[PDB]
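A single chain, nothing else alongside it, follows as structure tokens in the form deposited in one PDB entry.
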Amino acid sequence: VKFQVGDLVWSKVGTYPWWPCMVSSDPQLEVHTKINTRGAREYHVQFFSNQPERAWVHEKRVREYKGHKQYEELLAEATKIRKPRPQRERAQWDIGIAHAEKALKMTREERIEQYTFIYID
């Protein structure tokens, strides 16, 4: 366990670029971390965006969020070619980054109060 509830992280999921997230407790399992069916550690995260979403993400696809300018360093981990990004996706990402930048200025306790999602059955 490297991350706790309220920690700001970048998550790399599916076809999406490294995305600003907050580690949170799964609403049903009541854990923020688990070992998956393949025996690997996963973290439960909230995606910062105008579209609220959550996911279990493999620990290898999670990085500590130190700031928005870290994005270049993440692309450099893959090792000049640059992938373009769609305008709609870039816009949601900019909203996510804006929230992440405000969250980074808060303590872990303030982030949890401000951003933890409300789940409705």
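The first residue of the sequence shown is number 1, and the count goes up from there.
FYI, the form deposited with a small molecule bound isn't displayed, but the following is about it.
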item: Contact label in the deposited complex: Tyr119 to the small molecule, heavy atom within 4.5 Å; value: no
item: Non-hydrogen atom contact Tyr115 with the small molecule in the deposited complex at 4.5 angstroms; value: yes
item: Contact test in the deposited complex: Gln70 vs the small molecule, heavy atoms, 4.5 Å; value: no
item: Contact label in the deposited complex: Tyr43 to the small molecule, heavy atom within 4.5 Å; value: no
item: Of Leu74, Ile35, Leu29, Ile95, the one that lies within 4.5 Å of the small molecule in the deposited complex (heavy atoms); value: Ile95
